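Cβ atoms come from the backbone with ideal geometry, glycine included; neighbour counts cover every protein chain shown. Each answer follows from the model by the rule given with it, or from the source it names; no laboratory read-out is quoted.
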Protein chains: 2
Amino acid sequence: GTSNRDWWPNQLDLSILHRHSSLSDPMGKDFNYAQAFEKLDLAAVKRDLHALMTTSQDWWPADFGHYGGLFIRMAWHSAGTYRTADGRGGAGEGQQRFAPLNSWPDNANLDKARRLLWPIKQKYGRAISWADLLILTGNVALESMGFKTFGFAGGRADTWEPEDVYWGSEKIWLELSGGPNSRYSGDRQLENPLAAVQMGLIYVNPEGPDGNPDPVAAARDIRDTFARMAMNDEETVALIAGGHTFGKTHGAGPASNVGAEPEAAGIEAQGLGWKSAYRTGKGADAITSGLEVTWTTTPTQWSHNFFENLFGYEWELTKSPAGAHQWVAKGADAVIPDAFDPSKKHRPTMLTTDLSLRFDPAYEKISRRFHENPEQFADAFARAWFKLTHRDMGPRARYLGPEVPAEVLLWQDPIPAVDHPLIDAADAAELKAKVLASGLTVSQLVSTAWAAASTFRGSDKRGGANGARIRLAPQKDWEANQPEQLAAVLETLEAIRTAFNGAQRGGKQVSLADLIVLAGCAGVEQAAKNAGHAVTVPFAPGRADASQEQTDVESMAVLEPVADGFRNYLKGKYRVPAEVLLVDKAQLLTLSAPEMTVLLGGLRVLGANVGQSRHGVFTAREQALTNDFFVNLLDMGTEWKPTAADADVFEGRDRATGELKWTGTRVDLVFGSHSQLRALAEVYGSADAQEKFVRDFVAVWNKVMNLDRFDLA
Amino acid sequence: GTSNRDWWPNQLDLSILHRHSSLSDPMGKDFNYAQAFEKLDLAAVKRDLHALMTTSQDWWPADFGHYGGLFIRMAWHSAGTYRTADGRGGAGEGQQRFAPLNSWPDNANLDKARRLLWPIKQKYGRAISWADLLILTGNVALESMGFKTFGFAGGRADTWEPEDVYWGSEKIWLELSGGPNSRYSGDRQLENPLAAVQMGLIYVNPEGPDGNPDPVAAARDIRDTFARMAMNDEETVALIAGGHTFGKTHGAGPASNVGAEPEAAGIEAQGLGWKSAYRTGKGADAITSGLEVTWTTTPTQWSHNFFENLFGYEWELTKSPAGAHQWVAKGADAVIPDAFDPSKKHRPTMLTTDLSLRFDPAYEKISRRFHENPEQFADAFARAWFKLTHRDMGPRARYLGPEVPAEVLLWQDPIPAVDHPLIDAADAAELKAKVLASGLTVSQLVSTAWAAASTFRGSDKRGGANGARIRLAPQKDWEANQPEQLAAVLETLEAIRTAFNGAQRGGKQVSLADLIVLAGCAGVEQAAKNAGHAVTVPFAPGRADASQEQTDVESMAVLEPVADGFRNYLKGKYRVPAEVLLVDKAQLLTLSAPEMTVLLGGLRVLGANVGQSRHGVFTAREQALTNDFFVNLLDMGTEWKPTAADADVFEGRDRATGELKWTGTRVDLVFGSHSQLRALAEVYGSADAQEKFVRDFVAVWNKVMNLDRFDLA
Ligand code: HEM
Ligand code: HEM
Ligand SMILES: OC[C@H]1O[C@H](O[C@H]2[C@H](O)[C@@H](O)[C@@H](O)O[C@@H]2CO)[C@H](O)[C@@H](O)[C@@H]1O
Ligand SMILES: OC[C@H]1O[C@H](O[C@H]2[C@H](O)[C@@H](O)[C@@H](O)O[C@@H]2CO)[C@H](O)[C@@H](O)[C@@H]1O
Ligand SMILES: [Cl-]
Ligand SMILES: [Cl-]
Ligand code: NA
Ligand code: NA
């Protein structure tokens, strides 16, 4: 059946903005997962999980009689898809249970792991999501095998369909680099936003880069992909060594015995995949990655044996039974237990990527320190496991349950608690009047608030106006934020704030974070008055101001907008068309296509463009809140053509005289070209639509201002 | 960017069930198009359209100074996508303005026609939909040129995204038959549900079949395609000759001058396409189809000159300036006006498909009658043009406005007016108890109500339980409806009805249509009571009973369910997997994926399967409304394998003993295989889900019962 995507494979796809509708969700519109979870008996769930660990099922027998290793890997993979570039991936939406991740080759036999958890899921129902369950299970595995975890938070609501994530352009699973859709160029430069070295891998290739078993070269891939997952060297060594203290790999026979992945299997497989024709197909005969490595002498107990083995032997390159490259300890005795036969032992073995931890010079120093000081290794692994499994959960306000760690961590982008009375509606009116009397313009007020609030992304719930981090490094220096203009607005608002705060009694005070947002609201109100409309814009106080020392400057760098179509901004020339970048940003902001449309049209006429660019400013009454963008964009009296100097800028001329009326970018004109977008533009550019435009704009503006407000949720 | 569709091109697509979310709709959740329309000043809209017809725009100059012909073709193409097989296509959703229809080759330059209408659309805003305006414009064209239309109804609400329609499997526009994805097999048998001869055509090829200019053979394709759009021979001749009384074709130069269709065009084209490098690219130089034919001596006035020319001349095969086959009158004078140069005239010309009307023997008889009696022609055309443009609008209750024709037409599947008081809540309770006391079983009551209500399809809003057409030919004899069992249930309910109606005062009575649905409600309540749950199923009276004489038996044939996964029914062996046919039925029913899942799981345990098949009946308490379908389907203690006799039937055996527990079809087991469906089955198969299952089942049952109830809108 030929589809629009077949005919026009480069047209923009808006269906990413209308995922996650109430149509696909089986839960009622009022379901609130936080409330369900807070009534869960978490202790009962953990007892059931502890029981499960050693309750072997014959259809996927437990190695060493204990599923802990399999579950740790399951959780680590759940979390391990995360990319700091866009925040997408991670454990936080339980997407391991949907395509494509349920069928990635690196996720082989994690279908079995999830199936073992069905009876617990069924027992507790809506009170524990799959997303929370996967992580909780990892934690229980660790605790069952003697490792004390740093804590656990619930609150990852389940999702009901696959996320639209760019995982790469390759058309072959696991394709090595340098092909027609290579994710690598230059000196092994991985394309943003990717965080894995081959299509269908979590981070790196366990044999080495593109299969080449060189631990030093593998270390480079480890370091880059883990940095792209928000992990530094210490955290990386702690995680890999900690993980590989447990369990084993599976490669008992040739890979060609392994059948279809779950999304390709037959209906009778009932959601499972990788059925193997090798011997019994399971247990002692299991084939998962094709490697056959058992790291420690006690694979079901926390030990300091990983680093004893890594440093205590010299290693020789060998092959598993499936033909994969791995390493065996020279001259060692058979000290490693077998997973099924008590009369068998094995020599110590390692992956290429384990040896990276010894042969990369920067890892070797950390590895040695951990070998010499195992308490340091335990604490670092516990912290890094927490970070790994919570990195995408957002502000601490979203953490639920009785095991949330009290300690505030820098990676959480923490916001200080509010400890004083908040401004009321009378105070808000008085502060908006002060802001309007200061001489700040609609353009400056709107731009500043937009800059502050539109750093939010729903993918990992980072960013937003809470914290007033716009005033700190590095946000205050981002080019899209217009640093010199921003400084002048912030100095004015800070003087207003100091004067209001110094006049108060009690402990009442306003944060700069709230004032930035409030001042934006005053700008929108003033713009509406400029247009002859009487509008009050909703405002909710309670933001607090974070400090510089609570703001990790290197972690904040990924939130920098290099493309922000809402301000007609593009930092450089990219291979992705700017209107695709617009849709991508709207998805991060949680906007639908009508919301994106309305917002952008209003921002253009309010003066939100970076550098006061006239591109898309299709009005003769700038700083007034009108639907002029749409009415002028749709006027057939204007003809558009790309300019000779720049194929991405367009000139709109009167059709009868040739006279220049406007200029616009791709982001501007897509609203008059894309057949669905133009349908939405038409609604707002109709003669009956001015009051609808204003009200819809105010609603979307408010939505953006509140995106990070989980304190109010 | 590689997508799930790329990796698993044959996995089932559920996104067709989640279109049309409130996310994608710019109108508020409360917007009611009927209420907006009813306040439109339709007379003022028509005066503006009348003025437009002769107000030429220089970017697409009006042929003969009059846009009437262009707009008639626009409206005909809007309606002309309709197929009776599934009800999809047609004018009723305004889909001509979205992909792919906006860029079909047969729709070339209708982009210009729609653009001409933007000012009027903009003026009237939400009070007139694009979908209504397309049709209205064609009526006003006809009226302005001297043709009296049969009437006009508003009420086609606009849609905001493309419909998911199977338009064929060809990967090349206009591909000739006999390719690798041929829509023809056997002796020129067009595959259901298609109703056009080539990908991107409305009906047929105007040169002849696969380009062969033989009028006799073209007639065969005309007759088949028009029958598949619900038009008979009389209506077909009236439509084609009526349309071709007006306007002209456009083929002034070679087709290679014409550039990309709108979905492929550059962003600067602002939604238009087919930009032509031939001379001025428009007006006298226009190229649309490649043909260059002007049918009558007065292209901007209704006449009987099409048939005068068709019968008054002999025709010679010739070529247009673009090289297309077309026909010219032998020895004729230059009597046809030129569209732009008043000093030039041309000979009469015809399409191959026009000559069909004279050279096919059955058409010739109708065409002669019309030639001899042009008042007969005018009436037939007016009736057919109304039918064409309203055939997908649904029940007459959805018609709006002051020009709705009072005459009731058989094709409308009409329902008599109700002229008596309706039963009240107490009456309904009395009837449900009488039905339960009669000895009819849950299975009989559920199955009968399902059979009556589930003929509805949202594509053309035909079918449903209103009318009680289940008691008439042909529904009473459809195999899926179990004709002997149905007859027994209907005799019982009719006796209950006669006894209740005979006892009443004041003219209160209950229709059989209402009682069928109420009896089904009683069944569902009783099933719930069987499970230990007291529920009342909502019921809304006001259905009426249609007569056999008000039911067109041949038209009703396309509503027969040959595949109804909800009753585990497949009439024959198809090349499309049954699970695909389930999702297609769910889309026709207007169900989401959660609604489809709940509904199916409940129907299985209520006894709704055709023939009392045990497939999917995963319960030991049949006729009790429980979630047993899901809890048993998801039980990992059962292993499933295809049977040796039939690969589409599966046995579920206990994994440990081998004992046979269940059998199921692909429609049953898709819910335990598809990763999105299984996530939905999990919610209903959880230990906390019995109350939720019952409530959601009752809600979707009631939705299905009410699908045709536009009297309550
Ligand atoms: C460079 C990073 C890493 C690489 C290349 C990697 C590679 C793999 C491979 C290939 C397997 C074998 C899969 C199979 O055949 O069953 C595996 C197993 C496993 N990994 Fe990793 N790993 C990495 C990091 C992690 C981290 C960060 C953790 C957790 C903190 C983890 C925990 C596990 C555990 C527990 C297993 C054993 C599974 C079982 O017992 O069934 N690994 N690893
Ligand atoms: C066998 C069925 C049909 C065939 C093959 C067919 C074919 C065509 C083609 C090839 C053109 C020229 C497109 C262009 O070059 O501008 C056209 C024009 C047109 N057709 Fe048809 N047609 C059919 C039926 C109908 C029907 C049912 C009607 C309406 C009742 C209709 C009304 C018109 C009108 C009014 C025009 C002139 C458009 C103009 O003036 O711009 N046709 N036809
Ligand atoms: O984090 C330290 C400090 O950074 C900024 O310093 C400001 C100053 O407070 C402003 O009011 C204005 O004069 O510009 C300075 C330029 O560096 C923050 O604005 C401030 O809240 C924070 O304490
Ligand atoms: O059985 C189908 C049939 O049922 C009802 O008609 C009754 C009729 O009213 C009685 O006289 C009875 O003894 O015979 C029929 C039952 O066969 C439906 O209302 C009717 O339209 C339908 O044919
Ligand atoms: Cl994601
Ligand atoms: Cl459709
Ligand atoms: Na994420
Ligand atoms: Na339709």
Set B:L625, B:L600: member being closer than 21 Å to B:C521 by Cα and assigned to a loop (DSSP other than H, G, I, E, B):
B:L625
So in the stretch A:62-112, with the set limited to residues that are of a type in the set (D, E, K, R) and near ligand 1 (Cβ under 9 Å from one of its atoms), which one is farthest from A:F386 (Cα to Cα)?
A:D63
Going through the stretch B:659-684 in order, the residues found to be in contact with a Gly (Cβ under 7 Å, 6 or more places away or on another chain), among the hydrophobic types (A, V, I, L, M, F, W, C) and within 11 Å of chain A (Cβ to nearest Cβ) are B:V667, B:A681
Considering each residue of the stretch B:118-150, count those that are farther than 27 Å from B:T590 by Cα, more than 11 Å from every other protein chain (Cβ to nearest Cβ) and out of contact with any helix residue (DSSP H, G or I) (no Cβ under 6 Å at 6 or more places or on another chain), and give that number.
7
Got a sec? Which of A:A645, A:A620, A:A656, A:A593 is within 12 Å of chain B (Cβ to nearest Cβ) and surrounded by fewer than 17 Cβ atoms within 10 Å (Cβ to Cβ)?
A:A656
Candidates B:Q509, B:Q504 - the one that is farther than 15 Å from B:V435 by Cβ and within 16 Å of ligand 4 (Cβ to nearest atom):
B:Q509
Please find, within the stretch B:179-223, the residue that is surrounded by the most Cβ atoms within 10 Å (Cβ to Cβ) out of those that are on the phi > 0 side of the Ramachandran plot and free of Cβ contacts under 8 Å to residues at least 40 places away in the same chain.
B:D210
Go through A:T498, A:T455, A:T441 for me and flag whichever is polar (S, T, N, Q), in the same structural domain as A:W701 (by CATH) and within 30 Å of A:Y82 (Cα to Cα).
A:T455
May I ask you to say which residue of B:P26, B:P61 is more than 11 Å from chain A (Cβ to nearest Cβ) and crowded, with 16+ Cβ neighbours inside 10 Å?
B:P61
Scan the stretch A:257-277 and give yes if some residue there is more than 17 Å from A:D106 (Cβ to Cβ) and aromatic (F, W, Y), otherwise no.
no
Count of residues meeting criterion [more than 16 Å from B:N706 (Cβ to Cβ) and touching a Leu at 6+ places or on another chain (Cβ under 6 Å)] in the stretch B:527-556
7
Of all residues in the stretch A:128-148, how many are touching an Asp or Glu at 6+ places or on another chain (Cβ under 6 Å) and within 18 Å of A:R391 (Cβ to Cβ)?
2
If B:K641 satisfies all but one of (1) assigned to a strand (DSSP E or B); (2) on the phi > 0 side of the Ramachandran plot, what's the number of the condition it fails?
(2)
Collect the residues in the stretch A:416-431 that are under 19 Å from A:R462 (Cα atoms) and in contact with a helix residue (DSSP H, G or I) (Cβ under 8 Å, 6 or more places away or on another chain), keeping them in residue-number order.
A:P416
So which of B:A480, B:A488, B:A452 is surrounded by fewer than 15 Cβ atoms within 10 Å (Cβ to Cβ), in a helix (DSSP H, G or I) and among the small types (G, A, S)?
B:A488
Being within 14 Å of another protein chain (Cβ to nearest Cβ) and of a type in the set (S, T, Y): is that true of A:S103 here?
yes
Residue by residue through the stretch B:593-616, note down the ones that are among the basic types (K, R) and touching a helix residue (DSSP H, G or I) at 6+ places or on another chain (Cβ under 7 Å).
B:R604
Selected residue (criterion: surrounded by the fewest Cβ atoms within 10 Å (Cβ to Cβ)) from residues of the stretch A:140-164 that are in a helix (DSSP H, G or I) and not charged (D, E, K, R)
A:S144
Only one of (1) more than 9 Å from chain A (Cβ to nearest Cβ); (2) under 18 Å from A:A679 (Cβ atoms) is not met by B:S21, so which one is it?
(1)
In the stretch A:247-265, is there at least one residue being in contact with a helix residue (DSSP H, G or I) (Cβ under 9 Å, 6 or more places away or on another chain), part of a helix (DSSP H, G or I), more than 28 Å from A:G281 (Cα to Cα) and more than 16 Å from ligand 8 (Cβ to nearest atom)?
no
Residue check for A:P414: surrounded by fewer than 19 Cβ atoms within 10 Å (Cβ to Cβ), over 23 Å from the mean Cα position of the chain (by Cα) and in a loop (DSSP other than H, G, I, E, B)
no
Inspect the stretch A:628-637 for any residue being in contact (Cβ under 8 Å) with a residue 12 or more places away in the chain and farther than 19 Å from A:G685 by Cβ and give the result as yes or no.
no
Tally time: how many residues in the stretch B:458-472 are away from ligand 8 (no atom under 16 Å from the Cβ), part of a loop (DSSP other than H, G, I, E, B) and out of contact with any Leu (no Cβ under 8 Å at 6 or more places or on another chain)?
3
Going through A:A79, A:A43 one at a time, which residue ends up being within 30 Å of A:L712 (Cα to Cα), more than 16 Å from ligand 5 (Cβ to nearest atom) and aliphatic (A, V, I, L, M)?
A:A43
Just checking, does the stretch A:289-304 include any residue being within 27 Å of the chain's Cα centre (by Cα) and at negative phi?
yes
Residues to consider are A:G266, A:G283; find the one that is within 14 Å of chain B (Cβ to nearest Cβ), surrounded by fewer than 19 Cβ atoms within 10 Å (Cβ to Cβ), of a type in the set (G, A, S) and away from ligand 3 (no atom under 16 Å from the Cβ).
A:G266
For the stretch B:317-335, what are the residues that are more than 39 Å from the chain's Cα centre (by Cα) and of a type in the set (A, V, I, L, M)?
B:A329, B:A332, B:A334, B:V335
Looking at (1) free of Cβ contacts under 8 Å to residues at least 60 places away in the same chain; (2) in contact with a helix residue (DSSP H, G or I) (Cβ under 8 Å, 6 or more places away or on another chain); (3) not in a helix (DSSP H, G or I), can you tell me which one A:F226 breaks?
(3)
Taking the stated definitions as given, is A:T638 within 10 Å of chain B (Cβ to nearest Cβ), in contact with a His (Cβ under 6 Å, 6 or more places away or on another chain) and over 25 Å from A:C521 (Cα atoms)?
no
Right, A:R497: outside any loop (DSSP other than H, G, I, E, B), basic (K, R) and crowded, with 18+ Cβ neighbours inside 10 Å or not?
yes
